[PDB]
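Just so it is clear, none of the values below were taken in a lab; they were calculated from the coordinates. No Cβ is skipped: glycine too gets one built from the backbone with ideal geometry, and neighbour counts run over all protein chains shown.
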Amino acid sequence: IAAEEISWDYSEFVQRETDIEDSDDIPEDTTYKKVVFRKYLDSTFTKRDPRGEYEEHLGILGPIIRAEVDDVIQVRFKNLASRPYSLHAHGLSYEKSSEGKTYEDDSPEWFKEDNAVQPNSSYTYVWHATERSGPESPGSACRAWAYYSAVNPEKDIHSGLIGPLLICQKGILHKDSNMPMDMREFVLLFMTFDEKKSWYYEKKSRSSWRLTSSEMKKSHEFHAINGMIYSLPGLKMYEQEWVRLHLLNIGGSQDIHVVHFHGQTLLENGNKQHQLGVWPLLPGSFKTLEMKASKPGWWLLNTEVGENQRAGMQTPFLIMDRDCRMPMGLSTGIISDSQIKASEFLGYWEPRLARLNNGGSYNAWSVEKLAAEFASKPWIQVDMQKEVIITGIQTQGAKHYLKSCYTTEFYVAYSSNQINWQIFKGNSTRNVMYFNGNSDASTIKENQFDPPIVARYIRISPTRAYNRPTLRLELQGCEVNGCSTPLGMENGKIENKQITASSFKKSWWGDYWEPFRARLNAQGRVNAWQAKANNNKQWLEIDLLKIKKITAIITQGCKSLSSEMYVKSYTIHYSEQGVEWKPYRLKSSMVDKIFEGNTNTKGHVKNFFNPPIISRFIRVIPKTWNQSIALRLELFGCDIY
Amino acid sequence: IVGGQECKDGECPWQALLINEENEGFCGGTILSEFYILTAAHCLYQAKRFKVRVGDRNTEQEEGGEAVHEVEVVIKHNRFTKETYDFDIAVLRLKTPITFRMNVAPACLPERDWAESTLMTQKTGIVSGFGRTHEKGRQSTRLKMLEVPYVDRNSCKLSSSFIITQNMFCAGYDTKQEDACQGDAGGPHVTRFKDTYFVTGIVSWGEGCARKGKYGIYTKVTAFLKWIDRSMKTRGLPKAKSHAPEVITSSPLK
Amino acid sequence: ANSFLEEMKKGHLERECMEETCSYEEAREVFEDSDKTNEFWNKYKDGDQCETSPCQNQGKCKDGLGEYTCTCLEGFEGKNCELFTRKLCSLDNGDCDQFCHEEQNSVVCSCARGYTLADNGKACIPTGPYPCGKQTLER
């Protein structure tokens, strides 16, 4: 553990993390002369612990130590500035050998030596892990503690010298560097930090110091939430998650809040007999309890106060979709990787032509020759110019006679501003400095991601393959609102009684067509709906039972194992509880929309629609066509409450 | 779940069955050496005579020349409460010395230091006994020794209406199944600490034995060091080699 | 490739070549051929990147891509020799199966009569058949 004096910025809302307004000029100084901690894997310097994706809740606070039973991590410290620092823990009945509080003792330079660290000099110090923090009774399994300095009970909690001691139980551990996880726990420290009430007070203020900052009352004592202001990242979960939330408050003794979630009932564990609903906080203890989500959307996270909301915390948490495993750019023909950027390519084969199992001995990704490939920088900037959320990317090689040709290892990066390349994706939750890769050629390999990574400038980079660097990375994203879920128009949950066909083709001296299989990827006779006539009169009605919010659509088309036909344009007829075969109104004016069907033969059509389609009996009438009527209709609705 | 499994015919010596001259037993004992057998005091007081035989795995049957450990006379105990139960430990004064055989294995003497390291680690234990504490309708002919866990002290004073002191504590399962009055009275609740075996429990009846699925009552001989020391050195060297070794002592166990 | 008798043959390439040293006669009898063994030997494999010394204290490595084990200095223990030597036992009985009692930055475990010691002191080696506390594992 370290403590280098680094000026941290409290008013962090100017960084535009999740803020809306732009006229937010700071009267005083944005940054404040404080001290931030740091985690080291060794006793000396020049080796820091990269803050992974899971190590998010910290802000001005440093790292979080995770020491359990039969597991101890050293905490060597060396002062860099000119003032002696201290470190004091809380919780167990630790003796003065690992306490570090400035009071009466017994040993000369051991019980209080850690409170006086000389500059440019290391010191041997290590804490002890106990079994007291383990929550008894069948229910919980984690209960965090706190630790800070000890040279002053008040001038240290405002100097950025804080730290929570998250301690769980023993029995359930994961393979994430031998750290017990197997969940998705969160920890938040709500405590204001003052510059005038600290050891590093520069005798004056950044503007005025007459009547406690003439600009704003206690402007140096901003209500910094989690080290920042108007931030609170990482609040991107899914539907129905019983994740554990750790609420810690040690300094805020005269600030009582009551946490109330907008439409999320509470459930207390342990006794398994309480419901509560709301749960306040008391100063001193470390309250922890589950969340249990319900409905998706940007639900606001507030504490029902007037001084710590509009001037404290006001970050709504988002719930994205859980079953958002729909095709993004592989099965469709609209969304593609045409906006791909890179620098070094891998051979002579075609760049975009990288589909799974394609004809020809040239199917990979390259523009320029590879010559020699090693640990250089063959970065592939996979930019989308929009928000992204990836939980799994597949990987497949190539072959044409016997060779394997597969990538064994490749590091991933990301960025959110293009001007800087935050090459830190390789050190996520489970990963530390490596990543999975392909194994063979005829076996599909996938790389599932654990943390909900969000960015905009995705960057991948290979290393070396079986004497032929060839990669074919697919694309698998997810929704943003969390409700656009497939109702089963292609899976099987929506029966034929809802989505009905028009006419049924039947030959005289032969067989008969079955155009009621209007789903995605169908076998047998036909693959979708093909009416007998060929004009602008046939229909394809769908029964949605209840009202839905449709935003995304898709459409492929069927054939007859000879010629391929499709539909070029159609019209969507919206209705309500009753019956009304009226086309969908155009929100940009007052007329009706003119939708377009399948463009080519098998390339799907992907389009977004902001105005909802509140209806139940949606009707589709194909206007134009190609050869014959054919389309694999499938939409994406929501559950409007 | 490990149920009521019988004792092995190898590492289960601590079973000095205390019977009578006729075909009628009463309780059992604990094998540690050749001069003292730890057992309950009500085994002899307010009962009948005393007949001990070590290495006797069965009462109705006999496994050959192995059960021989007769007792001359016996005394009582100072802290032994006649009405209730407290420090219910009595020493059986054998009359004939017995060497160390297969079914007769000695054990090291306990000490006061094994009181803060044996109760916090070994949260379980075994109760060796033929089954004479609850001699109602479970009289098994085979030597049974089930496994019982250890519970916190704050749940032992309410297991029985009698207020229990520090000498006796919980040593059974929760209020689920029958885990009390297991084995013979004076049965050794030896807990395999670490490379050794130290007994630390004596099963006795409090208000008898009925619907006692709550917790059990077992003593702690770590605090009983001052009694096993005052009755071993003050008696002097063995005169006639375990006569009495030595039953000629006062009633309050010196 | 795509054969039960060929998966066991190719499995010796990522073991008797990457972990230890390679050889020409290694893949000759295993593959039962001669056409693929010659092609695999022509491509050399430098093992490993120990010329730049990735570890401190001027430590060396071995013929192994990725994993390695160096002889770090004394006084420092752990993966990359970080944790110092153990001072007191106190808790967990000092990883020894007997009494733990510190003597001012000096801990030594030893059994009494009926038991002996081992080569380092991890556990007392049993000597007597049945002293005062053993377990019969004959059945």
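Can you list the GluC sites (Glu not before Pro) in region A:80-115 that are in a DSSP coil and have 13 or fewer other beta carbons within 10 angstrom? Here the GluC sites (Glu not before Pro) that fit, given the DSSP loop and packing criteria, are A:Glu95, A:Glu104, A:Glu109. Here region A:478-523 was treated as a single set of alpha-carbon atoms; its pair distances binned every 10 Å from 0 give 22, 37, 26, 10, 5, 1 percent. Treating each Cα of region A:290-433 as one equal point scatterer and applying the Debye formula with no solvent, the log10 of I(q)/I(0) at q = 0.13, 0.18, 0.20 Å⁻¹ comes out as -0.84, -1.35, -1.54. For region A:204-212, 3J(HN,Hα) computed residue by residue from phi via the Karplus equation (6.51, -1.76, 1.60; θ = phi - 60°) reads 10, 10, 7, 7, 8, 9, 6, 9, 5 Hz, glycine and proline entered as x. Spread over its residues, the convex hull of the C-alpha atoms of region A:209-322 is 117 Å³ per residue. When you filter the trypsin sites (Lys or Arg not before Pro) in region A:195-246 for DSSP loop state and at most 12 other Cβ atoms inside 10 Å of their Cβ, you are left with A:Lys203, A:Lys204, A:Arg210, A:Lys217. Starting from the coordinates of the alpha-carbon atoms of region B:113-186, obtain the Kirkwood hydrodynamic radius over all distinct pairs and give the value in Å to one decimal. In region B:113-186 this quantity evaluates to 13.6 Å. Computed from the alpha carbon atoms alone, the convex hull of chain B holds 125 Å³ per residue.
Enclosing the Cα atoms of region A:151-284 in their convex hull gives a volume equal to 183 cubic angstrom per residue.
Peptide B:194-204 is shielded by partner chain Cβ atoms: per residue, an average of 3 of them sit within 10 Å of its Cβ.
Hey, with R₀ at 25 Å, roughly what FRET efficiency would A:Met216 and A:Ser23 work out to, going by the Cβ-Cβ distance, to 0.05? Efficiency, rounded to the nearest 0.05: 0.95. With distances taken between every two different alpha-carbon atoms, region A:105-193 has a Kirkwood hydrodynamic radius of 16.3 Å.
Based on every Cα atom in region A:522-641, Rg and the maximum pairwise Cα distance Dmax equal 14.5, 46 Å. Working note: 222 nm ellipticity from helices only, DSSP H runs with n ≥ 4, each -39,500 (n - 2.57), summed and divided by the residues of chain B, gives -500 deg cm²/dmol to the nearest 500. Among the trypsin sites (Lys or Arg not before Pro) in region A:22-100, those located in a DSSP loop and surrounded by at most 14 other Cβ atoms within 10 Å of their own Cβ are A:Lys47. At a Cβ-Cβ separation cutoff of 4.7 angstrom, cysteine residues of chain A with no neighbouring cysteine are A:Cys405, A:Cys558. Positive-end ranking of B:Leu225, B:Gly131, B:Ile37 along the dipole of chain B, with charges on Cβ about the Cα centre, is headed by B:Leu225. Across region B:107-113, rounded Karplus estimates of 3J(HN,Hα) from the backbone phi angles (6.51 cos²θ - 1.76 cosθ + 1.60, θ = phi - 60°) give 9, 6, 6, x, 8, 5, 6 Hz, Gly and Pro being marked x.
Computed from backbone phi, the HN-Hα couplings of region B:42-58 come to 6, 4, 10, 6, 6, 9, 10, 7, 8, 9, 10, 8, 7, x, 10, 7, 9 Hz, rounded to whole numbers (Karplus: 6.51 cos²θ - 1.76 cosθ + 1.60, θ = phi - 60°; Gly and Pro given as x).
Our compactness index for region C:1-129, the C-alpha radius of gyration over the empirical 2.2 N^0.38 Å, is 1.75. Under a cut-off of 26 Å between alpha-carbon atoms, report the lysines in cross-link reach of B:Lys239, not counting same-chain residues fewer than 8 places apart. Of all the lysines, those that pass the test against B:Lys239 - Cα under 26 Å, at least 8 places apart if same chain - are B:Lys51, B:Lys76, B:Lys95, B:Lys226, B:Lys254. Dividing the Cα radius of gyration of region B:155-194 by its Kirkwood radius returns 0.97 for Rg/Rh.
Going by neighbour counts of Cβ atoms within 10 Å, the residues A:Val591, A:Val382, A:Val69 line up, fewest first, as A:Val591, A:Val69, A:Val382. Report, by chain and number, residues whose modeled amide H sits under 5 Å from the one on A:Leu166, excluding near sequence neighbours (fewer than 5 apart, same chain). Close amide H contacts, sequence-distant or interchain: A:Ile65, A:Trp145. This model, with +1 at the C-beta of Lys and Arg and -1 at the C-beta of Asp and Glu, gives the protein assembly as shown a dipole about its Cα centre of some 2640 debye.
Could you tell me how far the Cα centroid of region A:523-601 sits from the Cα centroid of region A:320-338, in Å? Computed from Cα coordinates, the inter-centre distance equals 20 Å. Spatially, region C:63-129 and region A:189-222 are offset by 53 Å when compared through their Cα centroids. Quotient of the Cα radius of gyration of the protein assembly as shown and 2.2 N^0.38 Å, N being its number of residues: 1.27. The H on the amide N of A:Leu188, modeled in the peptide plane, is under 5 Å from the matching H of A:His246, A:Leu248, each at least 5 residues off or on a different chain. Within straight-line reach of B:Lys136, meaning a Cα separation under 16 Å, sit the following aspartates and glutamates at least 8 residues removed in sequence or on another chain: B:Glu24, B:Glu178, B:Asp179, B:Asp184, B:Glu207.
Taking amide H positions as placed in the peptide plane 1.01 Å from N, state which residues far from A:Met228 in sequence (5 or more) or on other chains have amide H under 5 Å from it. Those lying under 5 Å, H to H, from A:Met228 are A:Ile60.
Take peptide C:126-133, look around each residue's Cβ out to 10 angstrom, count Cβ atoms belonging to other protein chains, and average those counts.
So the per-residue partner count for this stretch is 5.
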